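A short write-up of the structure that comes next.
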Amino acid sequence: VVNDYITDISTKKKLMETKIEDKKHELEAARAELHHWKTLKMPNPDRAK
Amino acid sequence: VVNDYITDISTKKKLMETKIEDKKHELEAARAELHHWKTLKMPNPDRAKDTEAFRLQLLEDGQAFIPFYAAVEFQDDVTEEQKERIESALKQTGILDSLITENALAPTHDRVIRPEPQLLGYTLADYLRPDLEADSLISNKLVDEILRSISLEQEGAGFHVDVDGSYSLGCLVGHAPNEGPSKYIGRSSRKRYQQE
Amino acid sequence: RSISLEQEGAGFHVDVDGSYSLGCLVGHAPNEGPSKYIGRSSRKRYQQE
């Protein structure tokens, strides 16, 4: 019984680590956007490369 | 030791079950996209939500309207490259998705063409032919005149869309970039996007 | 001064309400929110928002 419980807790811990990585990357994308607006020289209308 | 080993193995088993459930979800999403593409009547160029709202309003009210790309087709001898250039220029000008209406409609959040044949210089009528559908309320002659209304040469602040990728409307000159091959003008081109 | 805001016959113009006639074409613009591209105030509002 104790090992069933500890297995469950380990599984949820692993999922928490994975979602921590996910949130780190989402917040890094938000950081990149915030930096871009901080470093905004001017607004760019729709364009092609 | 045996219990610790089995504990770790069971943890990895549960983790793999989570992974397999997620991949089943992704497979279902892919299948949903396949269904959406199968059921779709016809692909459309880029649009704003206001345009879709206006055209739903037109359906509600009952305006005789059709988008340009659905009502036109290239003549066979106009090679695919010229098809791409013309379609790109029309897309930049916004006429590729503009509405041809039997009534002199004034659009709301949309573009409408009207018959004003620019008989001086060449016109898109030289390169394009109508492709109206079975239940189209638009007249073929209207589409032909509108094709004549799209000049291939500019006069002052004139409106023109050349086959070489150059276009203009106003005291201005414009050139189109690459945005993919022709995919909306012509029957085969529309089929190409859905096949992709 | 070259750009007119009233119909030049089968020509080029952009009305005050946002409607426009372009050669044989007549159009009307969609929602785009407060000005963001035109003017220093608009660019600053864009950046800060």
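Might you check whether a residue that is under 30 Å from C:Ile38 (Cα atoms) and of a type in the set (A, V, I, L, M, F, W, C) occurs anywhere in the range A:5-25?
Going through the range A:5-25, the residues under 30 Å from C:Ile38 (Cα atoms) turn out to be none.
Scanning the range A:5-25 turns up no residue that is under 30 Å from C:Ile38 (Cα atoms) and of a type in the set (A, V, I, L, M, F, W, C).
The set of residues in the range C:1-44 that are among the polar types (S, T, N, Q), surrounded by 11 or more Cβ atoms within 10 Å (Cβ to Cβ), within 11 Å of chain B (Cβ to nearest Cβ) and part of a loop (DSSP other than H, G, I, E, B) comprises C:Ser4, C:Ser19. When B:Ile113, B:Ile138 are checked against the criterion of being crowded, with 20+ Cβ neighbours inside 10 Å, over 27 Å from B:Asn178 (Cα atoms) and among the aliphatic types (A, V, I, L, M), a single residue qualifies: B:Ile138. Scanning the range B:99-125 for residues that are hydroxyl-bearing (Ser, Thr, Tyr), touching a strand residue (DSSP E or B) at 6+ places or on another chain (Cβ under 8 Å) and in a loop (DSSP other than H, G, I, E, B) returns a single hit, B:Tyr122.
Rundown of residues vs (1) free of Cβ contacts under 8 Å to residues at least 12 places away in the same chain; (2) under 14 Å from the mean Cα position of the chain (by Cα); (3) within 27 Å of B:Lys191 (Cβ to Cβ), yes/no style:
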| position | (1), (2), (3) |
| --- | --- |
| B:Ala32 | yes, no, yes |
| B:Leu40 | no, yes, yes |
| B:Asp50 | no, no, no |
| B:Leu56 | yes, no, yes |
| B:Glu84 | no, yes, yes |
| B:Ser88 | no, yes, yes |
| B:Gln92 | no, yes, yes |
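Contact list please: Cβ distance under 6 Å, first residue in the range B:133-154 and within 14 Å of B:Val112 (Cα to Cα), second residue assigned to a loop (DSSP other than H, G, I, E, B) and among the charged types (D, E, K, R), pairs at least six apart or on different chains. From the range B:133-154, the pairs are B:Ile138/B:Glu102; B:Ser149/B:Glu116.
For the range B:164-196, which residues satisfy the criterion of being more than 9 Å from every other protein chain (Cβ to nearest Cβ), among the aliphatic types (A, V, I, L, M) and surrounded by fewer than 20 Cβ atoms within 10 Å (Cβ to Cβ)? Once the filter is applied, which keeps residues that are more than 9 Å from every other protein chain (Cβ to nearest Cβ), among the aliphatic types (A, V, I, L, M) and surrounded by fewer than 20 Cβ atoms within 10 Å (Cβ to Cβ), the range B:164-196 yields only B:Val173. All of B:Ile113, B:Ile95 fail the test of being in contact with a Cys (Cβ under 7 Å, 6 or more places away or on another chain) and at the interface with chain C (Cβ under 7 Å from one of its Cβ atoms), apart from B:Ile113. Any idea which residue in the range B:116-130 is nearest to the chain's Cα centre (by Cα), counting only those that are surrounded by fewer than 19 Cβ atoms within 10 Å (Cβ to Cβ) and within 12 Å of another protein chain (Cβ to nearest Cβ)? Applying the filter and picking the extreme gives B:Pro117.
Here, each number is a calculation from the coordinates, and none is a lab measurement. Note that each Cβ is placed from the backbone with ideal geometry, even for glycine, and that neighbours are counted across all protein chains shown.
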